[PDB]
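**Q** Starting off with a structure, shown below.
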There are 2 protein chains.
Amino acid sequence: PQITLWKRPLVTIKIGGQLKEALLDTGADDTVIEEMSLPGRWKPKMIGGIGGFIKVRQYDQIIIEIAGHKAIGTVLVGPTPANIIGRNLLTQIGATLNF
Amino acid sequence: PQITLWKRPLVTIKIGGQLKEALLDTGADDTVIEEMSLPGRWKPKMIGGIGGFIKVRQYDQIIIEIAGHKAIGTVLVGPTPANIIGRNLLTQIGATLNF
Ligand SMILES: CC(C)(C)NC(=O)[C@@H]1C[C@@H]2CCCC[C@@H]2CN1C[C@@H](O)[C@H](Cc1ccccc1)NC(=O)[C@H](CC(N)=O)NC(=O)c1ccc2ccccc2n1
């Protein structure tokens, strides 16, 4: 598909057995998902945005479907205002920015 | 060009006649540049990211070249951790996401 940028590039994702809407984000190194009760072990992390840092839980090898494309990788969970799909997963679904 | 996402999508911009590096950022509504002297009228604004909100100077109708493509639009100048080109200017240069 092709997604224009007139509006936020939101797509449906499936993670942890739940459907969510998430932003396809070339500016994000990492994938950050709003607080949800994912099972298993995690590692503490702090990540940096425009306004400072937030505390997140780092989960590895998380199964995650993005606009119908399967992916697996690291997902950070914590108190974000948007679910964001960053480059660690955008590469897995073969996304490019084109102009 | 077609830009893959294994690395940060950094390009050269020209703003105020000065060359800078900036991130092509589909997750950003707005374009935010580090503190600089910039010819133009500005008004105070607040914008949010992960981590919270910051104060910026909003400059409208600024000429900016992005990877050799012309845009003229709103640039926010302030203590951003990084120079980001958001959707307001990505749309001007005809950028899309593809997968
Ligand atoms: C997600 C994370 C891994 C932490 N990465 C980042 O946050 C990196 C950090 C980099 C260094 C600091 C400068 C910004 C760049 C790019 N960002 C990605 C970048 O795409 C980031 C992702 C994002 C989207 C929505 C909400 C929050 C955060 N967007 C932003 O920082 C832009 C800034 C702007 N235009 O005003 N924010 C928004 O466009 C935006 C939209 C909705 C919101 C609702 C509530 C609160 C804040 C909201 N911010």
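So you can find residues: chains in the structure tokens are A, B, ... in the order shown, residues in each start at 1, and ligands are numbered from 1 in order.
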Applying 12 Å and only C-alpha atoms, which residues near residue 98 in chain B remain after dropping the ones on its own chain fewer than 5 positions away? List them as a VMD selection string.

**A** (chain A and resid 1 to 5 9 24 26 67 90 to 91 93 to 99) or (chain B and resid 2 to 5 26)

**Q** Residues of chain A that have any atom at most 6 Å from an atom of ligand 1: could you tabulate them with the shortest-distance atom pair and the distance in Å to one decimal, using only C-alpha atoms and all ligand atoms, ordered by chain and increasing number, as a Markdown table?

**A**
| residue | atom | partner | partner_atom_place_in_ligand_line | distance |
| --- | --- | --- | --- | --- |
| A:25 | CA | ligand 1 | 20 (O) | 5.4 |
| A:27 | CA | ligand 1 | 18 (C) | 4.4 |
| A:28 | CA | ligand 1 | 5 (N) | 4.2 |
| A:29 | CA | ligand 1 | 3 (C) | 5.3 |
| A:30 | CA | ligand 1 | 3 (C) | 4.4 |
| A:32 | CA | ligand 1 | 1 (C) | 5.9 |
| A:47 | CA | ligand 1 | 4 (C) | 5.3 |
| A:48 | CA | ligand 1 | 4 (C) | 4.8 |
| A:49 | CA | ligand 1 | 7 (O) | 3.7 |
| A:50 | CA | ligand 1 | 12 (C) | 3.9 |
| A:81 | CA | ligand 1 | 45 (C) | 5.2 |
| A:82 | CA | ligand 1 | 26 (C) | 4.9 |

**Q** Hey, can you spit out that residue selection with N, CA, C and O atoms as a tab-separated table (two decimals), in the first residue's frame?

**A**
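And here is the file that came out, selection-v8.tsv:
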chain	number	residue	atom	x	y	z
A	25	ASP	N	5.90	5.44	12.04
A	25	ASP	CA	6.75	6.55	12.42
A	25	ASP	C	8.23	6.37	12.03
A	25	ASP	O	9.01	5.77	12.74
A	27	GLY	N	10.41	8.57	12.26
A	27	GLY	CA	11.28	9.27	13.21
A	27	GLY	C	11.54	8.53	14.50
A	27	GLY	O	12.28	9.06	15.33
A	28	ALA	N	10.92	7.40	14.74
A	28	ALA	CA	11.09	6.67	15.98
A	28	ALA	C	12.03	5.50	15.78
A	28	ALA	O	11.82	4.67	14.87
A	29	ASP	N	13.05	5.41	16.61
A	29	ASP	CA	13.94	4.27	16.55
A	29	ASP	C	13.24	2.98	17.01
A	29	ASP	O	13.53	1.88	16.52
A	30	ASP	N	12.37	3.14	17.98
A	30	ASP	CA	11.72	2.08	18.75
A	30	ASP	C	10.23	2.06	18.55
A	30	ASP	O	9.65	3.05	18.11
A	32	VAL	N	6.73	1.79	20.56
A	32	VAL	CA	6.24	2.11	21.89
A	32	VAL	C	4.74	1.96	21.89
A	32	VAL	O	4.06	2.62	21.10
A	47	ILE	N	13.27	5.97	27.63
A	47	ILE	CA	13.35	6.43	26.24
A	47	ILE	C	12.98	7.89	26.18
A	47	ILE	O	12.13	8.39	26.95
A	48	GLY	N	13.58	8.53	25.19
A	48	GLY	CA	13.59	9.95	25.01
A	48	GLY	C	12.74	10.40	23.83
A	48	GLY	O	12.96	9.97	22.70
A	49	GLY	N	11.85	11.34	24.14
A	49	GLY	CA	11.07	12.03	23.15
A	49	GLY	C	11.33	13.51	23.12
A	49	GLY	O	12.28	14.07	23.70
A	50	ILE	N	10.45	14.27	22.43
A	50	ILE	CA	10.71	15.68	22.31
A	50	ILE	C	10.76	16.42	23.63
A	50	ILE	O	11.45	17.44	23.74
A	81	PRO	N	1.18	8.66	24.73
A	81	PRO	CA	-0.12	9.09	24.23
A	81	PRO	C	-0.53	8.50	22.90
A	81	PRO	O	-1.68	8.62	22.48
A	82	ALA	N	0.41	7.82	22.24
A	82	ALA	CA	0.19	7.23	20.95
A	82	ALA	C	0.98	5.92	20.94
A	82	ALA	O	2.10	5.82	21.44

**Q** Give me, as a list in words, all polymer residues having an atom no more than 12 Å from residue 56 in chain A, counting only C-alpha atoms and skipping those fewer than 5 positions away in the same chain.

**A**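 Selected residues are residues 30, 31, 32, 33, 34, 35, 36, 42, 43, 44, 45, 46, 47, 48, 74, 75, 76, 77, 78, 79 and 80 of chain A; 50 and 51 of chain B.
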
**Q** Keeping N, CA and C atoms, export the residues of the selection given above as a PDB file, in the first residue's frame.

**A**
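Output saved as again.pdb:
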ATOM      1  N   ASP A  30      12.365   3.136  17.977  1.00  0.00           N
ATOM      2  CA  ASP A  30      11.723   2.080  18.749  1.00  0.00           C
ATOM      3  C   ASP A  30      10.229   2.064  18.547  1.00  0.00           C
ATOM      4  N   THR A  31       9.630   0.950  18.906  1.00  0.00           N
ATOM      5  CA  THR A  31       8.175   0.767  18.891  1.00  0.00           C
ATOM      6  C   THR A  31       7.689   0.883  20.338  1.00  0.00           C
ATOM      7  N   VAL A  32       6.725   1.788  20.564  1.00  0.00           N
ATOM      8  CA  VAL A  32       6.242   2.112  21.887  1.00  0.00           C
ATOM      9  C   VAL A  32       4.735   1.961  21.890  1.00  0.00           C
ATOM     10  N   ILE A  33       4.236   1.139  22.782  1.00  0.00           N
ATOM     11  CA  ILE A  33       2.811   0.814  22.875  1.00  0.00           C
ATOM     12  C   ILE A  33       2.295   1.246  24.230  1.00  0.00           C
ATOM     13  N   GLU A  34       1.088   1.820  24.197  1.00  0.00           N
ATOM     14  CA  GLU A  34       0.407   2.256  25.378  1.00  0.00           C
ATOM     15  C   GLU A  34       0.278   1.101  26.362  1.00  0.00           C
ATOM     16  N   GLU A  35       0.305   1.461  27.654  1.00  0.00           N
ATOM     17  CA  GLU A  35       0.241   0.517  28.760  1.00  0.00           C
ATOM     18  C   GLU A  35      -0.753  -0.595  28.479  1.00  0.00           C
ATOM     19  N   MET A  36      -0.299  -1.838  28.549  1.00  0.00           N
ATOM     20  CA  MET A  36      -1.100  -3.018  28.345  1.00  0.00           C
ATOM     21  C   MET A  36      -0.384  -4.120  29.115  1.00  0.00           C
ATOM     22  N   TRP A  42      10.541  -8.765  31.236  1.00  0.00           N
ATOM     23  CA  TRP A  42      10.826  -7.511  30.599  1.00  0.00           C
ATOM     24  C   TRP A  42      12.041  -6.883  31.296  1.00  0.00           C
ATOM     25  N   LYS A  43      12.594  -5.861  30.654  1.00  0.00           N
ATOM     26  CA  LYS A  43      13.756  -5.147  31.190  1.00  0.00           C
ATOM     27  C   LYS A  43      13.420  -3.683  31.310  1.00  0.00           C
ATOM     28  N   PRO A  44      13.775  -3.002  32.409  1.00  0.00           N
ATOM     29  CA  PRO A  44      13.544  -1.582  32.523  1.00  0.00           C
ATOM     30  C   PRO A  44      14.322  -0.790  31.496  1.00  0.00           C
ATOM     31  N   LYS A  45      13.681   0.268  30.986  1.00  0.00           N
ATOM     32  CA  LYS A  45      14.283   1.145  29.989  1.00  0.00           C
ATOM     33  C   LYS A  45      13.746   2.549  30.179  1.00  0.00           C
ATOM     34  N   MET A  46      14.533   3.553  29.791  1.00  0.00           N
ATOM     35  CA  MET A  46      14.068   4.910  29.658  1.00  0.00           C
ATOM     36  C   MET A  46      14.308   5.347  28.211  1.00  0.00           C
ATOM     37  N   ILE A  47      13.270   5.969  27.626  1.00  0.00           N
ATOM     38  CA  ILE A  47      13.351   6.429  26.244  1.00  0.00           C
ATOM     39  C   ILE A  47      12.976   7.894  26.185  1.00  0.00           C
ATOM     40  N   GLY A  48      13.576   8.535  25.189  1.00  0.00           N
ATOM     41  CA  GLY A  48      13.586   9.953  25.009  1.00  0.00           C
ATOM     42  C   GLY A  48      12.742  10.402  23.830  1.00  0.00           C
ATOM     43  N   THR A  74      11.208  -6.191  19.325  1.00  0.00           N
ATOM     44  CA  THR A  74      11.144  -5.538  20.645  1.00  0.00           C
ATOM     45  C   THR A  74      10.048  -4.485  20.666  1.00  0.00           C
ATOM     46  N   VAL A  75       9.246  -4.499  21.718  1.00  0.00           N
ATOM     47  CA  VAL A  75       8.194  -3.546  21.939  1.00  0.00           C
ATOM     48  C   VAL A  75       8.381  -2.991  23.316  1.00  0.00           C
ATOM     49  N   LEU A  76       8.273  -1.691  23.437  1.00  0.00           N
ATOM     50  CA  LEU A  76       8.374  -0.954  24.690  1.00  0.00           C
ATOM     51  C   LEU A  76       6.975  -0.561  25.133  1.00  0.00           C
ATOM     52  N   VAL A  77       6.642  -0.847  26.385  1.00  0.00           N
ATOM     53  CA  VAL A  77       5.282  -0.600  26.876  1.00  0.00           C
ATOM     54  C   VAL A  77       5.364   0.408  28.004  1.00  0.00           C
ATOM     55  N   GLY A  78       4.527   1.428  27.954  1.00  0.00           N
ATOM     56  CA  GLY A  78       4.477   2.363  29.055  1.00  0.00           C
ATOM     57  C   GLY A  78       3.569   3.498  28.714  1.00  0.00           C
ATOM     58  N   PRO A  79       3.665   4.626  29.434  1.00  0.00           N
ATOM     59  CA  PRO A  79       2.675   5.709  29.350  1.00  0.00           C
ATOM     60  C   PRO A  79       2.936   6.760  28.273  1.00  0.00           C
ATOM     61  N   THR A  80       2.630   6.308  27.066  1.00  0.00           N
ATOM     62  CA  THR A  80       2.717   7.056  25.823  1.00  0.00           C
ATOM     63  C   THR A  80       1.326   7.486  25.376  1.00  0.00           C
TER      64      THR A  80
ATOM     65  N   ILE B  50       6.721  12.645  23.211  1.00  0.00           N
ATOM     66  CA  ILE B  50       6.897  11.760  24.356  1.00  0.00           C
ATOM     67  C   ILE B  50       7.724  12.570  25.328  1.00  0.00           C
ATOM     68  N   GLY B  51       7.431  12.440  26.631  1.00  0.00           N
ATOM     69  CA  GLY B  51       8.159  13.143  27.648  1.00  0.00           C
ATOM     70  C   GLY B  51       7.494  14.451  27.993  1.00  0.00           C
TER      71      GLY B  51
END

**Q** Quick one: pull the distance between CA of residue 13 in chain A and CA of residue 6 in chain B, Å, one decimal.

**A** 20.9 Å

**Q** Show me, as a list in words, the residues that have an atom within 9 Å of residue 64 in chain B when counting only C-alpha atoms, minus same-chain residues fewer than 6 positions from it.

**A**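 Counting only the stated atoms, we get residues 13, 14, 15, 16, 17, 70, 71, 72, 73, 75 and 89 of chain B.
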
**Q** Run DSSP on the backbone and tell me which residues of chain A come out as alpha helix (DSSP H); list them as a PyMOL selection string.

**A** chain A and resi 87-90

**Q** For the residues in that selection, give me N, CA and C atoms as a PDB file, in the first residue's frame.

**A**
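The new file part.pdb reads:
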ATOM      1  N   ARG A  87      11.224   2.208  13.575  1.00  0.00           N
ATOM      2  CA  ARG A  87      11.953   1.612  12.473  1.00  0.00           C
ATOM      3  C   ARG A  87      12.312   0.156  12.724  1.00  0.00           C
ATOM      4  N   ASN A  88      12.454  -0.253  13.980  1.00  0.00           N
ATOM      5  CA  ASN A  88      12.773  -1.650  14.240  1.00  0.00           C
ATOM      6  C   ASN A  88      11.741  -2.598  13.633  1.00  0.00           C
ATOM      7  N   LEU A  89      10.485  -2.169  13.537  1.00  0.00           N
ATOM      8  CA  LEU A  89       9.450  -2.990  12.932  1.00  0.00           C
ATOM      9  C   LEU A  89       9.089  -2.528  11.518  1.00  0.00           C
ATOM     10  N   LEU A  90       9.222  -1.225  11.219  1.00  0.00           N
ATOM     11  CA  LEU A  90       8.934  -0.768   9.856  1.00  0.00           C
ATOM     12  C   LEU A  90       9.817  -1.467   8.842  1.00  0.00           C
TER      13      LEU A  90
END

**Q** My list of candidates is A:52, A:41, A:63, A:10. Which is closest to chain B when distances are computed with only C-alpha atoms?

**A**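 Among the listed residues, A:52 lies closest to chain B.
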
**Q** Step one, run DSSP on the backbone; step two, keep only residues of range 19-58 of chain B assigned to strand (DSSP E or B); then write them as a short mmCIF file (atom, residue, chain, number, x, y, z; two decimals) with N, CA and C atoms, in the first residue's frame.

**A**
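Final output, saved to part-v7.cif:
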data_model
loop_
_atom_site.label_atom_id
_atom_site.label_comp_id
_atom_site.auth_asym_id
_atom_site.auth_seq_id
_atom_site.Cartn_x
_atom_site.Cartn_y
_atom_site.Cartn_z
N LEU B 19 22.87 25.29 6.12
CA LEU B 19 22.72 23.86 6.03
C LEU B 19 22.66 23.19 7.41
N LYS B 20 21.74 22.26 7.56
CA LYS B 20 21.56 21.47 8.75
C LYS B 20 21.18 20.03 8.35
N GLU B 21 21.25 19.11 9.28
CA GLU B 21 20.76 17.76 9.09
C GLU B 21 19.43 17.61 9.82
N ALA B 22 18.47 16.92 9.21
CA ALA B 22 17.20 16.72 9.87
C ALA B 22 16.62 15.35 9.51
N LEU B 23 15.71 14.91 10.39
CA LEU B 23 15.10 13.61 10.35
C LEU B 23 13.76 13.70 9.65
N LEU B 24 13.53 12.87 8.61
CA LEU B 24 12.21 12.80 7.98
C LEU B 24 11.28 11.96 8.86
N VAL B 32 10.23 20.78 13.62
CA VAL B 32 10.85 21.38 14.80
C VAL B 32 12.35 21.38 14.59
N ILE B 33 12.95 22.55 14.69
CA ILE B 33 14.38 22.77 14.44
C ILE B 33 15.00 23.32 15.74
N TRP B 42 7.92 35.65 14.57
CA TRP B 42 7.56 34.46 15.28
C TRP B 42 6.59 34.74 16.42
N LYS B 43 5.89 33.71 16.84
CA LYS B 43 5.01 33.78 17.95
C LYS B 43 5.25 32.59 18.88
N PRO B 44 5.10 32.77 20.18
CA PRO B 44 5.36 31.69 21.13
C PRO B 44 4.30 30.59 20.97
N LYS B 45 4.69 29.34 21.09
CA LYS B 45 3.79 28.19 21.01
C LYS B 45 4.33 27.08 21.95
N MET B 46 3.46 26.18 22.31
CA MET B 46 3.84 24.96 23.00
C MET B 46 3.50 23.74 22.18
N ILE B 47 4.39 22.76 22.17
CA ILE B 47 4.14 21.52 21.46
C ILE B 47 4.60 20.37 22.34
N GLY B 48 3.98 19.21 22.08
CA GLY B 48 4.19 17.99 22.83
C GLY B 48 4.84 16.89 21.99
N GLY B 49 5.54 16.07 22.72
CA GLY B 49 6.20 14.86 22.28
C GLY B 49 6.03 13.77 23.33
N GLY B 52 6.52 14.93 27.22
CA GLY B 52 5.97 16.20 27.69
C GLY B 52 6.03 17.25 26.60
N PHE B 53 5.81 18.46 27.09
CA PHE B 53 5.65 19.64 26.30
C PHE B 53 6.84 20.56 26.45
N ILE B 54 7.17 21.27 25.37
CA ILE B 54 8.21 22.30 25.33
C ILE B 54 7.64 23.58 24.69
N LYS B 55 8.31 24.69 24.98
CA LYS B 55 8.06 25.97 24.41
C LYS B 55 8.93 26.14 23.14
N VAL B 56 8.32 26.64 22.06
CA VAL B 56 8.97 26.89 20.81
C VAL B 56 8.58 28.24 20.26
N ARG B 57 9.31 28.70 19.28
CA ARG B 57 8.98 29.87 18.47
C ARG B 57 8.38 29.38 17.16
N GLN B 58 7.18 29.81 16.84
CA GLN B 58 6.50 29.43 15.61
C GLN B 58 6.76 30.51 14.55
#

**Q** Can you measure CA of residue 18 in chain B to CA of residue 86 in chain B for me? One decimal in Å is fine.

**A**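 Pair CA of residue 18 in chain B / CA of residue 86 in chain B returns 19.0 Å.
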